[PDB]
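Heads up: the structure comes next, in structure tokens.
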Amino acid sequence: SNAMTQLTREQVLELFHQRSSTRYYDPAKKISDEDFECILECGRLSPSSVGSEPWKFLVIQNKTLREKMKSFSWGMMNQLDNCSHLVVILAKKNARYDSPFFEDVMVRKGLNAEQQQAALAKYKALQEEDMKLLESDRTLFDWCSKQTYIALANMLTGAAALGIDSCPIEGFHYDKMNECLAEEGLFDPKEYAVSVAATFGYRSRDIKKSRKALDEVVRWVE
Amino acid sequence: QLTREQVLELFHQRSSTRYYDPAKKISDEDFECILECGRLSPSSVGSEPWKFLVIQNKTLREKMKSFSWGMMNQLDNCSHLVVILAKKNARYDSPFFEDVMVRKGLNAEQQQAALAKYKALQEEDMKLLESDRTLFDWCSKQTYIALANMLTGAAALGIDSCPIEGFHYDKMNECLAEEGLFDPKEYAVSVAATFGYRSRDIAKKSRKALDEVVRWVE
Ligand SMILES: Cc1cc2nc3c(=O)[nH]c(=O)nc-3n(C[C@H](O)[C@H](O)[C@H](O)COP(=O)(O)O)c2cc1C
Ligand SMILES: Cc1cc2nc3c(=O)[nH]c(=O)nc-3n(C[C@H](O)[C@H](O)[C@H](O)COP(=O)(O)O)c2cc1C
Ligand SMILES: O=[N+]([O-])c1ccc(O)cc1
Ligand SMILES: O=[N+]([O-])c1ccc(O)cc1
């Protein structure tokens, strides 16, 4: 890393202040294919526990599907008509250490058989004892869903770095959204479920930050 | 504003560092900038349901080793360690949520309408109220946004990091509560992260191809 591959502290703070939730999009302004691919890359390159990458990104451009969405998506009703791109992020269901899904996770690490068994033993303990994820199907799904929020965050920040506005979205009926997207054939509902969404585009109305102070959220243990 | 190549370089510079140089410390100003990236993160309903515990005490780090397999050696060598807490019991009808509404400036009528909207969000749209753990996990998801932004902001400053789940969560929560750092009825440990400077080159790890993870619905 050097001064040319870094941002200054001033530039980092500007980036994270600029990143904001846009609720009014200009329908006449579309993100270029290349800029949007870059945004998706920010999601794809995100870290994830155990390298599990337990996400799928559905890019919902079809206008008829966006319209149907409106009736059960109160949190983005006024964005569905005018945003450039909409991403619905799915998270993997039943991502147990002993599942076929986890074999592919391991294969792309390029480990030998002994390293693979050492890794698997770590991941079993992580799920079973340390994080207690096998309490229920939902607990294990929510673990994958947490990893998807990393990908979400990175797509919002990457978009902001490109000068592109965005809004993270939880304001929809999850059962209705899962049912609709599965009925459209967009994923196997036994294997994935909706985690979170995000809109992207260019704002048509102005957005300053309101946050708790650093001293109210940070505690130093020296 | 950055070029596409610069944005890509940032996310490629960001890697999970397991081997830290124990002689390299992050400056106070750089670390405050990292914390700002967490503080400035978005969160559902603007709930900001997090606390960032900066664990620099060496005796406390040494105690954690016995139940933190995923960062055992990082604890000896990293510059800074953050344990992020998430709010427990963040119900729409809790005082925690009332404070959110008030500081947004909502009047009495608007607060009543907002309570109804977020009741519906939690009870029906997201079904967060199935159990205490489902509601906690909602706040925990928001903290993963703050985590991600800290890792990326650190990388932008030239500072290495590693997100951490590899510890016994209940033992960590018991320890940190015994230290008096939070009220365990109000918060619980969500995720951690180390920060510092790598002691060797970190081979870039693989990812599934874009075509594997993206589906276009046109
Ligand atoms: C939430 C989360 C928890 C993780 N926990 C650990 C951990 O405890 N110890 C560890 O060495 N790596 C941990 N990792 C790092 C992942 O193994 C790593 O992100 C993945 O292998 C991809 O490598 P990269 O981030 O270098 O691209 C974790 C990652 C995330 C996102
Ligand atoms: C996971 C998540 C879901 C959210 N859901 C919605 C939503 O459905 N609709 C909306 O208008 N804003 C939504 N927001 C945006 C938040 O209200 C916003 O992040 C917060 O008020 C802080 O504002 P800022 O992002 O402009 O800094 C969501 C944020 C997060 C992180
Ligand atoms: O050792 N561990 O508990 C780990 C190691 C890697 C990881 O991504 C998560 C947990
Ligand atoms: O309309 N909604 O459901 C919302 C709106 C804003 C938000 O942060 C979360 C949910």
Side-chain angles (χ1 to χ4, degrees), chain A residues 16-24 44-54 73-79 89 105 108-109 119 122-123 126 130-131 143-153 156 160 165-173 195-199 207-211, chain B residues 11-19 39-49 68-74 84 100 104 114 117-118 120-122 125-126 138-149 151 155 160-167 190-194 202-207:
Chain A
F16 284 103
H17 269 273
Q18 283 164 346
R19 205 276 338 140
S20 293
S21 293
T22 288
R23 296 174 176 105
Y24 298 90
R44 175 180 85 94
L45 296 174
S46 289
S48 54
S49 185
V50 315
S52 53
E53 305 166 50
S73 304
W74 178 273
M76 53 177 166
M77 243 170 359
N78 196 45
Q79 307 174 31
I89 306 177
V105 169
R108 72 177 172 270
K109 301 173 189 293
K122 276 180 208 163
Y123 303 155
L126 179 74
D130 285 333
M131 298 187 83
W143 171 66
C144 293
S145 175
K146 290 168 191 188
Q147 319 304 313
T148 72
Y149 278 58
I150 301 179
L152 171 66
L156 308 176
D165 294 319
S166 61
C167 192
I169 301 293
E170 275 174 0
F172 54 87
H173 196 283
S195 182
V196 67
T199 57
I207 206 279
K208 270 168 29 173
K209 281 254 163 313
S210 170
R211 293 291 187 284
Chain B
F11 289 107
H12 278 293
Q13 287 288 325
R14 209 263 356 133
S15 300
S16 296
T17 290
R18 301 173 171 87
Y19 316 99
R39 179 177 81 91
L40 293 169
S41 289
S43 58
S44 187
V45 197
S47 55
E48 299 169 59
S68 305
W69 185 233
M71 53 176 174
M72 213 152 195
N73 281 342
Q74 302 186 29
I84 309 178
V100 173
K104 205 189 136 28
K117 175 71 230 95
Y118 297 124
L121 180 71
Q122 295 196 330
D125 296 334
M126 333 173 55
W138 176 61
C139 292
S140 179
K141 288 169 194 192
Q142 321 302 313
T143 70
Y144 278 59
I145 301 176
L147 170 72
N149 286 335
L151 308 177
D160 295 305
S161 62
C162 196
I164 302 292
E165 274 173 4
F167 54 89
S190 179
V191 68
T194 58
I202 314 298
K204 184 262 190 263
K205 297 316 186 286
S206 63
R207 290 295 187 281

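Numbering of ligands and ligand atoms starts at 1, following listing order. Here is how names work: the chains are called A, B, and so on, in the same order as the sequence lines, proteins then strands, and each is numbered from 1.
Screening B:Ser43, B:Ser190, B:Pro42, B:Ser41 for a side chain to side chain contact (heavy atoms under 4.5 Å, CB included) involving B:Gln142 leaves a single residue, B:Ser43.
Of all the atoms in ligand 2, the ones that sit under 4.0 Å from a non-hydrogen atom of A:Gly75 are 7 (C), 8 (O), 9 (N), 10 (C), 11 (O). Listed by atom number, the atoms of ligand 1 under 4.0 Å from A:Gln147 heavy atoms are 1 (C), 31 (C). Listed by atom number, the atoms of ligand 1 under 4.0 Å from A:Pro47 heavy atoms are 19 (O), 25 (O), 31 (C). Close contacts of ligand 1 with B:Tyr144, meaning ligand atoms under 4.0 Å from a residue heavy atom, involve 1 (C). Of all the atoms in ligand 2, the ones that sit under 4.0 Å from a non-hydrogen atom of A:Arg19 are 24 (P), 25 (O), 27 (O). Applying the 4.0 Å criterion to heavy atoms of B:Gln74 picks out, from ligand 1, the atoms 11 (O). Short contacts between ligand 1 and B:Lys205, defined as distances under 4.0 Å to a heavy atom of the residue, involve ligand atoms 23 (O), 26 (O), 27 (O). Counting atoms of ligand 1 from 1 in the listed order, those under 4.0 Å from a heavy atom of A:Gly51 are 20 (C), 21 (O). Those atoms of ligand 2 that come under 4.0 Å of a heavy atom in A:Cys167, given as number and element, are 10 (C), 12 (N). For ligand 2, the atoms sitting less than 4.0 Å from at least one non-hydrogen atom of B:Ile145 are 31 (C), numbered in the order shown with element in parentheses. Which parts of ligand 4 touch A:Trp74 is read off a 4.0 Å heavy-atom cut-off, strictly below it: atoms 1 (O). Near A:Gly75, the atoms of ligand 4 lying under 4.0 angstrom from a non-hydrogen atom of the residue are 1 (O), 2 (N).
Looking from atom 5 (C) of ligand 4 to the surrounding protein, the closest heavy atom is B:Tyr118 OH, 3.9 Å. The nearest protein atom to atom 8 (O) of ligand 1, hydrogens excluded, is given as B:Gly166 N, 2.9 Å; this is a heavy-atom distance. Of the protein's non-hydrogen atoms, the one nearest atom 28 (C) of ligand 2 is A:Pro168 O, 3.2 Å. For atom 16 (C) of ligand 2, the closest non-hydrogen atom on the protein side is B:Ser43 O, 3.4 Å. The nearest protein atom to atom 3 (O) of ligand 4, hydrogens excluded, is given as A:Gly171 CA, 3.3 Å; this is a heavy-atom distance. Ranking the protein heavy atoms by distance from atom 22 (C) of ligand 1 puts B:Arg207 NH1, 3.7 Å first. The single protein non-hydrogen atom nearest to atom 5 (N) of ligand 2 is A:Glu170 N, 3.0 Å, given as residue, atom name and distance.
Contacts between A:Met76 and ligand 2, counted as non-hydrogen atom pairs separated by less than 4.0 Å, are absent for every part of the residue. When non-hydrogen atoms are compared, ligand 2 lies under 4.0 Å from neither the backbone nor the side chain of B:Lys141.
Of all the listed residues (B:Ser43, B:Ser44, B:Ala120, A:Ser73), B:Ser44 holds the heavy atom that lies closest to atom 9 (C) of ligand 4. Summarising the contacts of atom 25 (O) of ligand 2 with A:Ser20, A:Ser21, A:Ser195, the nearest heavy atom is found in A:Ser21.
Of the N or O atoms in B:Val45, one or more lie within a sub-3.5 Å distance of an N or O in ligand 4.
Looking only at side-chain heavy atoms (C-beta outward), A:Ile169 and A:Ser73 stay at 4.5 Å or farther from each other. You'll find the side chain of B:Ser16 stays beyond 4.5 Å of the side chain of B:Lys205, heavy atoms only. Proximity of A:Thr22 to A:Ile207: side-chain heavy atoms (C-beta onward) are nowhere separated by under 4.5 Å.
Judged purely by distance below 3.5 Å, without hydrogens or angles, the side chains of B:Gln122 and B:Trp138 never pair a donor atom with an acceptor atom. Side-chain polar atoms of A:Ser20 and A:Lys209 form a donor-acceptor pair below 3.5 angstrom. Counting only N and O atoms by type, the side chains of B:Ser140 and A:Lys146 include a donor and acceptor under 3.5 Å apart.
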Test salt bridge (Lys or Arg N to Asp or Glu O under 4.0 Å) on A:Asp130 and A:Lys122; report intermediate values, then the result.
CA-CA 10 Å; A:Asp130 285 333; A:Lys122 276 180 208 163; over 6 Å; no

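For B:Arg18, the heavy-atom gap to ligand 1 drops under 4.0 angstrom.
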